[PDB]
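Coordinates from my_file.cif are shown below (mmCIF, N, CA and C atoms).
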data_input
loop_
_atom_site.label_atom_id
_atom_site.label_comp_id
_atom_site.auth_asym_id
_atom_site.auth_seq_id
_atom_site.Cartn_x
_atom_site.Cartn_y
_atom_site.Cartn_z
N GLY A 1 103.74 110.76 102.03
CA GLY A 1 102.92 111.68 102.81
C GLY A 1 101.73 110.97 103.39
N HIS A 2 100.60 111.06 102.71
CA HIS A 2 99.38 110.41 103.17
C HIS A 2 98.49 110.10 101.97
N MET A 3 99.05 110.24 100.79
CA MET A 3 98.31 110.14 99.58
C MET A 3 98.08 108.67 99.19
N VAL A 4 97.10 108.42 98.33
CA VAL A 4 96.65 107.04 98.08
C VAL A 4 97.61 106.27 97.23
N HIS A 5 98.32 106.97 96.38
CA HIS A 5 99.30 106.35 95.50
C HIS A 5 100.52 105.88 96.30
N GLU A 6 100.55 106.24 97.57
CA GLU A 6 101.63 105.87 98.46
C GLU A 6 101.21 104.71 99.36
N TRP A 7 99.93 104.35 99.30
CA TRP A 7 99.43 103.25 100.08
C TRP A 7 99.95 101.96 99.53
N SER A 8 100.22 101.04 100.40
CA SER A 8 100.85 99.82 100.03
C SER A 8 99.79 98.77 99.78
N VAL A 9 99.19 98.31 100.85
CA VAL A 9 98.15 97.30 100.81
C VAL A 9 97.16 97.59 101.92
N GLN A 10 97.61 97.43 103.15
CA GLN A 10 96.75 97.57 104.32
C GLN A 10 96.21 98.99 104.48
N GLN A 11 96.87 99.96 103.86
CA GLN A 11 96.44 101.34 103.92
C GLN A 11 95.27 101.63 102.99
N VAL A 12 94.98 100.70 102.09
CA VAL A 12 93.85 100.84 101.17
C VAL A 12 92.53 100.52 101.92
N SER A 13 92.65 99.81 103.06
CA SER A 13 91.49 99.35 103.81
C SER A 13 90.79 100.50 104.48
N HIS A 14 91.60 101.41 104.99
CA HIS A 14 91.16 102.63 105.70
C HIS A 14 90.12 103.37 104.90
N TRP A 15 90.30 103.36 103.61
CA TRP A 15 89.36 103.93 102.71
C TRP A 15 88.10 103.09 102.66
N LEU A 16 88.26 101.83 102.23
CA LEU A 16 87.16 100.87 102.06
C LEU A 16 86.23 100.83 103.26
N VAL A 17 86.80 100.73 104.43
CA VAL A 17 86.05 100.66 105.67
C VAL A 17 85.17 101.93 105.86
N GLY A 18 85.65 103.04 105.31
CA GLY A 18 84.99 104.32 105.47
C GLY A 18 83.70 104.40 104.68
N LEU A 19 83.63 103.66 103.59
CA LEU A 19 82.44 103.65 102.77
C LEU A 19 81.66 102.35 102.94
N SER A 20 81.99 101.60 104.01
CA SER A 20 81.33 100.32 104.35
C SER A 20 81.77 99.19 103.42
N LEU A 21 82.84 99.43 102.74
CA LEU A 21 83.41 98.51 101.76
C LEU A 21 84.47 97.65 102.42
N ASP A 22 84.43 97.60 103.76
CA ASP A 22 85.32 96.72 104.57
C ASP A 22 85.27 95.28 104.07
N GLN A 23 84.12 94.93 103.54
CA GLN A 23 83.85 93.62 102.96
C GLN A 23 84.82 93.33 101.79
N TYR A 24 85.32 94.38 101.16
CA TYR A 24 86.21 94.25 100.04
C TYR A 24 87.66 94.17 100.48
N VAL A 25 87.96 94.66 101.69
CA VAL A 25 89.34 94.65 102.24
C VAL A 25 89.92 93.24 102.26
N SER A 26 89.07 92.27 102.51
CA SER A 26 89.43 90.87 102.56
C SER A 26 90.07 90.39 101.24
N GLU A 27 89.68 91.00 100.15
CA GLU A 27 90.19 90.63 98.86
C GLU A 27 91.12 91.72 98.31
N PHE A 28 90.80 92.99 98.58
CA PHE A 28 91.64 94.14 98.16
C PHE A 28 93.08 93.96 98.63
N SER A 29 93.22 93.54 99.86
CA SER A 29 94.52 93.37 100.46
C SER A 29 95.19 92.09 99.96
N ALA A 30 94.38 91.16 99.49
CA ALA A 30 94.87 89.89 99.02
C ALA A 30 95.59 90.05 97.69
N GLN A 31 95.05 90.90 96.83
CA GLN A 31 95.66 91.11 95.52
C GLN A 31 96.59 92.31 95.52
N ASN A 32 96.85 92.85 96.72
CA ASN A 32 97.76 93.97 96.91
C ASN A 32 97.25 95.19 96.16
N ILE A 33 95.95 95.42 96.24
CA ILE A 33 95.34 96.56 95.61
C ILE A 33 95.74 97.81 96.39
N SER A 34 96.50 98.68 95.78
CA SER A 34 96.90 99.89 96.43
C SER A 34 96.14 101.05 95.80
N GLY A 35 96.56 102.27 96.09
CA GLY A 35 95.95 103.45 95.53
C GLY A 35 96.08 103.48 94.03
N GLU A 36 97.15 102.84 93.55
CA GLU A 36 97.45 102.71 92.14
C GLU A 36 96.27 102.09 91.40
N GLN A 37 95.68 101.07 92.00
CA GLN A 37 94.57 100.40 91.40
C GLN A 37 93.24 100.94 91.88
N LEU A 38 93.25 101.52 93.07
CA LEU A 38 92.08 102.15 93.71
C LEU A 38 91.51 103.25 92.79
N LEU A 39 92.38 104.14 92.37
CA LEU A 39 92.00 105.31 91.58
C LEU A 39 91.41 104.94 90.22
N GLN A 40 91.95 103.93 89.61
CA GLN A 40 91.54 103.56 88.26
C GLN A 40 90.55 102.36 88.21
N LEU A 41 90.03 101.96 89.37
CA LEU A 41 89.07 100.87 89.50
C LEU A 41 87.87 100.98 88.56
N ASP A 42 87.53 99.88 87.96
CA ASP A 42 86.38 99.80 87.09
C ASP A 42 85.66 98.53 87.47
N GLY A 43 84.55 98.25 86.81
CA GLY A 43 83.78 97.06 87.10
C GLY A 43 84.59 95.80 87.00
N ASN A 44 85.43 95.69 85.97
CA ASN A 44 86.27 94.52 85.77
C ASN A 44 87.11 94.23 86.96
N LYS A 45 87.69 95.27 87.52
CA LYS A 45 88.46 95.14 88.73
C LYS A 45 87.58 94.70 89.89
N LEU A 46 86.46 95.39 90.09
CA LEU A 46 85.51 95.08 91.19
C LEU A 46 84.98 93.66 91.09
N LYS A 47 84.87 93.20 89.89
CA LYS A 47 84.44 91.87 89.62
C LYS A 47 85.57 90.89 89.87
N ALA A 48 86.80 91.34 89.67
CA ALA A 48 87.99 90.52 89.88
C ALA A 48 88.34 90.41 91.36
N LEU A 49 87.58 91.12 92.19
CA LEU A 49 87.66 90.98 93.62
C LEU A 49 86.76 89.82 94.04
N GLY A 50 86.00 89.30 93.09
CA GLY A 50 85.13 88.15 93.32
C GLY A 50 83.91 88.46 94.16
N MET A 51 83.79 89.69 94.59
CA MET A 51 82.67 90.07 95.41
C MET A 51 81.50 90.42 94.54
N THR A 52 81.74 91.29 93.53
CA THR A 52 80.75 91.66 92.50
C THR A 52 79.42 92.14 93.12
N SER A 53 79.51 92.75 94.27
CA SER A 53 78.34 93.18 95.02
C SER A 53 77.69 94.41 94.36
N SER A 54 76.38 94.31 94.15
CA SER A 54 75.56 95.32 93.47
C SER A 54 75.71 96.73 94.08
N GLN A 55 75.48 96.85 95.39
CA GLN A 55 75.63 98.12 96.13
C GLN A 55 76.97 98.73 95.83
N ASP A 56 77.95 97.94 96.09
CA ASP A 56 79.32 98.31 96.03
C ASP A 56 79.70 98.72 94.66
N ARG A 57 79.24 97.98 93.66
CA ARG A 57 79.50 98.29 92.24
C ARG A 57 79.13 99.71 91.87
N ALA A 58 78.21 100.30 92.60
CA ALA A 58 77.84 101.67 92.38
C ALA A 58 78.49 102.59 93.41
N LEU A 59 78.57 102.13 94.65
CA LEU A 59 79.07 102.96 95.74
C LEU A 59 80.56 103.19 95.69
N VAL A 60 81.34 102.11 95.64
CA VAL A 60 82.81 102.23 95.61
C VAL A 60 83.21 103.01 94.38
N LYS A 61 82.36 102.93 93.41
CA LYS A 61 82.58 103.46 92.09
C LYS A 61 82.51 104.97 92.12
N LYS A 62 81.74 105.46 93.03
CA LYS A 62 81.57 106.88 93.20
C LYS A 62 82.70 107.40 94.06
N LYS A 63 83.02 106.63 95.05
CA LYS A 63 83.99 107.00 96.04
C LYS A 63 85.40 107.02 95.44
N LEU A 64 85.70 106.02 94.63
CA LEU A 64 87.02 105.84 94.06
C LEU A 64 87.40 106.95 93.10
N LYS A 65 86.41 107.52 92.45
CA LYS A 65 86.69 108.59 91.50
C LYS A 65 86.86 109.94 92.20
N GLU A 66 86.30 110.07 93.39
CA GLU A 66 86.41 111.31 94.14
C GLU A 66 87.49 111.19 95.19
N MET A 67 88.22 110.07 95.15
CA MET A 67 89.30 109.77 96.10
C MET A 67 90.31 110.85 96.22
N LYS A 68 90.41 111.62 95.20
CA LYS A 68 91.32 112.74 95.13
C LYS A 68 91.03 113.81 96.19
N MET A 69 89.78 113.92 96.61
CA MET A 69 89.46 114.83 97.70
C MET A 69 89.22 114.02 98.97
N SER A 70 88.78 112.79 98.79
CA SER A 70 88.39 111.96 99.90
C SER A 70 89.58 111.39 100.66
N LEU A 71 90.71 111.18 99.96
CA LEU A 71 91.92 110.62 100.57
C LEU A 71 92.41 111.46 101.72
N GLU A 72 92.22 112.73 101.58
CA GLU A 72 92.68 113.66 102.52
C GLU A 72 91.74 113.77 103.70
N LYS A 73 90.48 113.94 103.40
CA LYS A 73 89.51 114.29 104.40
C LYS A 73 89.00 113.05 105.14
N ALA A 74 89.17 111.89 104.50
CA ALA A 74 88.82 110.57 105.03
C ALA A 74 87.38 110.49 105.54
#

So that I can check it, write out the structure of this file as structure tokens.
Amino acid sequence: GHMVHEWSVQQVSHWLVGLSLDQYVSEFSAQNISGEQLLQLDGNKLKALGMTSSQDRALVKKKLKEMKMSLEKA
């Protein structure tokens, strides 16, 4: 359909870019981070993106947990 768990790789960017996390797409897409990993993201994962950005560590963190409503409304 259009849900995040159905995103492959490049479809995860659409989200990231929306929260200014486009900076993470460069690595998110590299490790094939899909909605599967998007939804359950934690600091360890965000750190494993090698970016470890302070803003993002809090921002993506908020966005990823509310993805359940945000995936739809974009």

Any idea what the distance is between CA of residue 9 in chain A and CA of residue 45 in chain A?
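Here the two named atoms are 15.6 Å from each other.
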
Please enumerate the residues selected by the PyMOL selection byres ((chain A and resi 51-62) around 8) when evaluated against the supplied file, formatted as a PyMOL selection string.
chain A and resi 16+19-21+23-24+27+41-43+45-50+63-67

Go ahead and save the picked residues with N, CA and C atoms, as an mmCIF file, in the coordinates of the input.
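Saved file part.cif follows:
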data_model
loop_
_atom_site.group_PDB
_atom_site.id
_atom_site.type_symbol
_atom_site.label_atom_id
_atom_site.label_comp_id
_atom_site.auth_asym_id
_atom_site.auth_seq_id
_atom_site.Cartn_x
_atom_site.Cartn_y
_atom_site.Cartn_z
ATOM 1 N N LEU A 16 88.260 101.830 102.230
ATOM 2 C CA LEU A 16 87.160 100.870 102.060
ATOM 3 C C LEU A 16 86.230 100.830 103.260
ATOM 4 N N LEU A 19 83.630 103.660 103.590
ATOM 5 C CA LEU A 19 82.440 103.650 102.770
ATOM 6 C C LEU A 19 81.660 102.350 102.940
ATOM 7 N N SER A 20 81.990 101.600 104.010
ATOM 8 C CA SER A 20 81.330 100.320 104.350
ATOM 9 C C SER A 20 81.770 99.190 103.420
ATOM 10 N N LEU A 21 82.840 99.430 102.740
ATOM 11 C CA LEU A 21 83.410 98.510 101.760
ATOM 12 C C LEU A 21 84.470 97.650 102.420
ATOM 13 N N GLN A 23 84.120 94.930 103.540
ATOM 14 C CA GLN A 23 83.850 93.620 102.960
ATOM 15 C C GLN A 23 84.820 93.330 101.790
ATOM 16 N N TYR A 24 85.320 94.380 101.160
ATOM 17 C CA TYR A 24 86.210 94.250 100.040
ATOM 18 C C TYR A 24 87.660 94.170 100.480
ATOM 19 N N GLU A 27 89.680 91.000 100.150
ATOM 20 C CA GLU A 27 90.190 90.630 98.860
ATOM 21 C C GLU A 27 91.120 91.720 98.310
ATOM 22 N N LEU A 41 90.030 101.960 89.370
ATOM 23 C CA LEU A 41 89.070 100.870 89.500
ATOM 24 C C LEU A 41 87.870 100.980 88.560
ATOM 25 N N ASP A 42 87.530 99.880 87.960
ATOM 26 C CA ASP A 42 86.380 99.800 87.090
ATOM 27 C C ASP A 42 85.660 98.530 87.470
ATOM 28 N N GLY A 43 84.550 98.250 86.810
ATOM 29 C CA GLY A 43 83.780 97.060 87.100
ATOM 30 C C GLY A 43 84.590 95.800 87.000
ATOM 31 N N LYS A 45 87.690 95.270 87.520
ATOM 32 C CA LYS A 45 88.460 95.140 88.730
ATOM 33 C C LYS A 45 87.580 94.700 89.890
ATOM 34 N N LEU A 46 86.460 95.390 90.090
ATOM 35 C CA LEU A 46 85.510 95.080 91.190
ATOM 36 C C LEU A 46 84.980 93.660 91.090
ATOM 37 N N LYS A 47 84.870 93.200 89.890
ATOM 38 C CA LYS A 47 84.440 91.870 89.620
ATOM 39 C C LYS A 47 85.570 90.890 89.870
ATOM 40 N N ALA A 48 86.800 91.340 89.670
ATOM 41 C CA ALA A 48 87.990 90.520 89.880
ATOM 42 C C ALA A 48 88.340 90.410 91.360
ATOM 43 N N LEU A 49 87.580 91.120 92.190
ATOM 44 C CA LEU A 49 87.660 90.980 93.620
ATOM 45 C C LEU A 49 86.760 89.820 94.040
ATOM 46 N N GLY A 50 86.000 89.300 93.090
ATOM 47 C CA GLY A 50 85.130 88.150 93.320
ATOM 48 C C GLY A 50 83.910 88.460 94.160
ATOM 49 N N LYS A 63 83.020 106.630 95.050
ATOM 50 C CA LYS A 63 83.990 107.000 96.040
ATOM 51 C C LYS A 63 85.400 107.020 95.440
ATOM 52 N N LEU A 64 85.700 106.020 94.630
ATOM 53 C CA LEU A 64 87.020 105.840 94.060
ATOM 54 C C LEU A 64 87.400 106.950 93.100
ATOM 55 N N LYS A 65 86.410 107.520 92.450
ATOM 56 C CA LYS A 65 86.690 108.590 91.500
ATOM 57 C C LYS A 65 86.860 109.940 92.200
ATOM 58 N N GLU A 66 86.300 110.070 93.390
ATOM 59 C CA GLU A 66 86.410 111.310 94.140
ATOM 60 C C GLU A 66 87.490 111.190 95.190
ATOM 61 N N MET A 67 88.220 110.070 95.150
ATOM 62 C CA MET A 67 89.300 109.770 96.100
ATOM 63 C C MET A 67 90.310 110.850 96.220
#

As a check of understanding: the span from atom C of residue 72 in chain A to atom C of residue 30 in chain A is 24.8 Å

Draw an axis-aligned box tight on the listed atoms of range 33-44 of chain A, then pad every side by 3 Å and write out centre and edge lengths in Å to one decimal as AutoDock Vina command-line options.
--center_x 90.6 --center_y 99.8 --center_z 91.1 --size_x 19.7 --size_y 17.1 --size_z 16.7

Residue 7 in chain A proximity check over A:70, A:34, A:40, A:29, using only C-alpha atoms: winner is A:34

Proximity to residue 25 in chain A - best of A:4, A:39, A:12, A:69, only N, CA and C atoms:
A:12

Expressed in Å, the length from CA of residue 36 in chain A to atom C of residue 15 in chain A is 14.1 Å

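Distance check against residue 10 in chain A using all atoms listed in the file: of A:68, A:38, A:28, A:74, the minimum falls on A:28.
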
Best match for closeness to residue 35 in chain A among A:6, A:17, A:1, A:22, counting all atoms listed in the file:
A:6

Going by DSSP on the backbone, which bits of chain A are helix (DSSP H, G or I)? Write them as a PyMOL selection string, please.
chain A and resi 4-6+10-18+22-28+35-38+43-47+54-65+67-73
